[PDB]
Amino acid sequence: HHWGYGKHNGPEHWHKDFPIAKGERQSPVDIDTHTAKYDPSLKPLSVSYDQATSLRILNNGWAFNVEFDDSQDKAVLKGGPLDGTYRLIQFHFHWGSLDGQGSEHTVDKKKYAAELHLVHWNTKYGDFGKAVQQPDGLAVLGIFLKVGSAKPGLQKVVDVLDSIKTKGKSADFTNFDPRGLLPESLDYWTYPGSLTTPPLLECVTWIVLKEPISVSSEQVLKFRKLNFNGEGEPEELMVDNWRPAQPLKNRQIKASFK
Ligand SMILES: [Zn+2]
């Protein structure tokens, strides 16, 4: 019996094994666009994914991760509210059972169909494991997904989902370009937060882009064909694998724009 997104092991139950779930800087949160203040101190955001090297995609029973080789600086996130260099290690999504829900962060209480998380770790800490134990160990770039026109750059991911339908399955996923999942604008909100899945460590600086990316109903539908369960077990569709907005507490969300 471990955490999940069901009625008996969902987000509302996590605090029993991970007390920090009721912490002071938990994620996700609702982004109140009218309360978020433009911050002149924020430097230009730098997303350098030209040399990104994907290696594999796996269904870990919670979502599916596209993993990258982070043994060198090839795909890094810099600038903005960040100091130093954060290296891309993996990206995954959260999505709903219906188009009206799925995202973890919300904008003026609006829920998007899904949310993409590109996870990067601070190189000053040597590795991902050491980084998550630091308040500024991770930077996560969040991007909202809405249903509309298809996203060409996401199809490659959609095409391999059939091969990793159940928990534990992985497949070769080399030469995938994450630049194809980015919206036109890099305007963003930023605040100090946590991982949104157990162990919910508060080591995340959050950078959530204002502009969502459009994906086709067909693309999202394939996401919903994945399974939380392992092969040969009763089918539980992998849907609504998102954590709800958490108390903002003593935090301020800063905007990179006006
Ligand atoms: Zn996530």
Just want the ordering: 120, 13, from fewest to most Cβ atoms lying within 10 Å of their own Cβ. 13, 120
Counting only DSSP beta bridges with both partners in the chain, the antiparallel fraction in percent, to the nearest 5, comes to 75
By the scheme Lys and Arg +1, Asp and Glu -1, what is the net charge of all other residues having a beta-carbon under 12 Å from that of residue 83? +2
From the Cα centre of the range 148-176 to that of the range 202-227, the distance in Å is 13
What is the sum of charges around residue 30, taking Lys and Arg as +1, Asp and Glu as -1, for the other residues whose C-beta is under 11 Å from the C-beta of residue 30? 0
List the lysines whose Cα sits under 28 Å from the Cα of residue 130, skipping any in the same chain fewer than 8 residues away. 16, 22, 43, 74, 78, 167, 169, 249, 254
Under the Kirkwood approximation for Rh and a Cα-based Rg, what ratio Rg/Rh is obtained for the range 61-162? 1.00
So if I take the centroid of the Cα atoms in the range 63-125 and the same for the range 15-34, what is the distance between those two points in Å? 17
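Within a 10 angstrom radius of the beta carbon, how do 66, 208 rank from fewest other beta carbons to most? Could the numbers behind the result be given before it?
Working: 66 22, 208 25.
Ranking 66, 208 by Cβ neighbours within 10 Å, fewest first, gives 66, 208.
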Is the shape of the chain rounded, prolate or oblate, going by the alpha carbon gyration tensor and its root eigenvalues a ≥ b ≥ c, with a/c under 1.5 for rounded and a/b larger than b/c for prolate? rounded
Rough spin-label spacing in nm, given labels placed 7 Å along Cα→Cβ, for residue 252 and residue 108: 2.2
How would the range 43-82 be classified by its alpha-carbon gyration tensor: rounded, prolate or oblate, with rounded meaning a/c under 1.5 and the a/b versus b/c comparison settling the rest? oblate
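Values quoted throughout were computed directly from the atomic coordinates according to the rules given, and no laboratory measurement underlies them. Note that each Cβ is placed from the backbone with ideal geometry, even for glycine, and that neighbours are counted across all protein chains shown.
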